[PDB]
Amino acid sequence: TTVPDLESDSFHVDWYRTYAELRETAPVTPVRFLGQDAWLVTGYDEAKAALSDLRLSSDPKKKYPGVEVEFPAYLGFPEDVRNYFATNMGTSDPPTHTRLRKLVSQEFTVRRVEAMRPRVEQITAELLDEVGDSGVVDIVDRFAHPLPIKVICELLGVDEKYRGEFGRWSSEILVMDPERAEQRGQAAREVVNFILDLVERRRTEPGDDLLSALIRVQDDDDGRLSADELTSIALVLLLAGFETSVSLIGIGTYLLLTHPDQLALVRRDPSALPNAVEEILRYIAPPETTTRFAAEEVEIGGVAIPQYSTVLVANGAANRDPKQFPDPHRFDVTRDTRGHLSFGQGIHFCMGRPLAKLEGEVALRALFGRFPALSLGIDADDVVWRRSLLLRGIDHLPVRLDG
């Protein structure tokens, strides 16, 4: 009877209990969000099927007779701005998707990511060197945020003097508040103008960075990245390239800090960090929901999703489905996390997984290694969770360097 409003506090306050209640009733239920009807998928089997069903399109640019396609994530976005944000792998369906992903896969490799390991370690050490030996500091502004932003900038050839503004615009983009739709759309245009210039500079002065490489990437069959494709891929790589890791590092720091046994365990055993990263992602997936558009009627979990429906796959909620992950509310750094959906599922499976695990592992290892008595600077229940279903995270986290 009562259709859930994804804007309500129920989805930002102890929201996993809310997901649990829904999943129990119907793993595929109708919901309201940003003034339109949608379907929320909270069951694991259902979410995995949904992401595996190509009839559920990822392309917001496709047009359908009498329909006005509206992806929640592009709230306040002019059409040209949307196109700049949506002409990449994550916003494409095969065959376009296939060639774009393959072309980008030729340069965004494990080798290139591993080559960065030394940089990630040095950047991590320099940031930690600067916070001191004691007292309180905001681990986000001083570590979780600056590390990923510097790494992605180095990967995409973004000179130092051009790194002080986009962080602000990206932040605004993560929140989908109807009240600030205009400010959100304007932050998006700034990002677009920033990318257009970056591409211009890189075309004019090539380097050994990923963007320079993508500008040259080609293949007999796949062809190459068109100007629009190159610009849009660069844009997403920039944002998705750091915001996710910022969430991972912040949430991971908070989780380990608020779970004595898990904290104590990690401090005693190092080789437990890698799986901890996986469990941190399973427990509180940054990309809580991922959007899809039903190009045809699609039945998921026995529910007929009508054609033209907006579908929100609750990746995060799927990771807490007790049917897939027993005692889903227990943060256990030793649990077998195989199968979680925090990196997606299917053809759109995260392309940056290698880099994310590298950053998370290097960051958490260094932080908890450098400060053995690190502790939260506030009560666990007082942490402020970013109000976003697009990318969950923590934007301010006080910590006591010496306990």
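Numbering starts at 1 and runs along the sequence shown.
Worksheet item: When the C-alpha temperature factors are averaged for each of 169-177 and 216-224, which stretch ends up with the higher value in the entry?
Response: Mean C-alpha B-factor is greater for 216-224.
Discussion item. Going by the mean C-alpha B-factor recorded in the entry, which is higher: 283-291 or 200-208?
Written reply: Going by the record's values, the stretch with the higher mean is 200-208.
Worksheet entry | Highest-ranked of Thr109, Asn83, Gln262, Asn315 once sorted by CA temperature factor in the record | In the PDB entry, the greatest C-alpha B-factor among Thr109, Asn83, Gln262, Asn315 is found at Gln262.
Discussion item. In terms of recorded Cα temperature factor, pick the maximum from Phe143, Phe325, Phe331, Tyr308.
Written reply: Top of the list by C-alpha B-factor: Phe331.
Fill in: Third of the chain, ranked by Cα B-factor, where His348 sits
For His348, the deposited C-alpha B-factor lands in the lowest third.
Worksheet item: With respect to C-alpha B-factor, does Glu121 fall in the lowest, middle or highest third of the chain as deposited?
Response: For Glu121, the deposited C-alpha B-factor lands in the middle third.
Worksheet item: Compared with the other modelled residues in the chain, in which third is the CA B-factor of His340?
Response: Bottom third by C-alpha B-factor.
Practice prompt. Using the B-factors in the PDB entry, rank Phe33's C-alpha atom against the chain and give the third, lowest, middle or highest.
Written response: CA B-factor rank for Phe33: highest third.
Item to complete: Grab the CA temperature factor for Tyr162 from the record and place it in the lowest, middle or highest third of its chain.
Response: Its C-alpha B-factor, which the entry lists for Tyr162, ranks in the highest third among residues of this chain.
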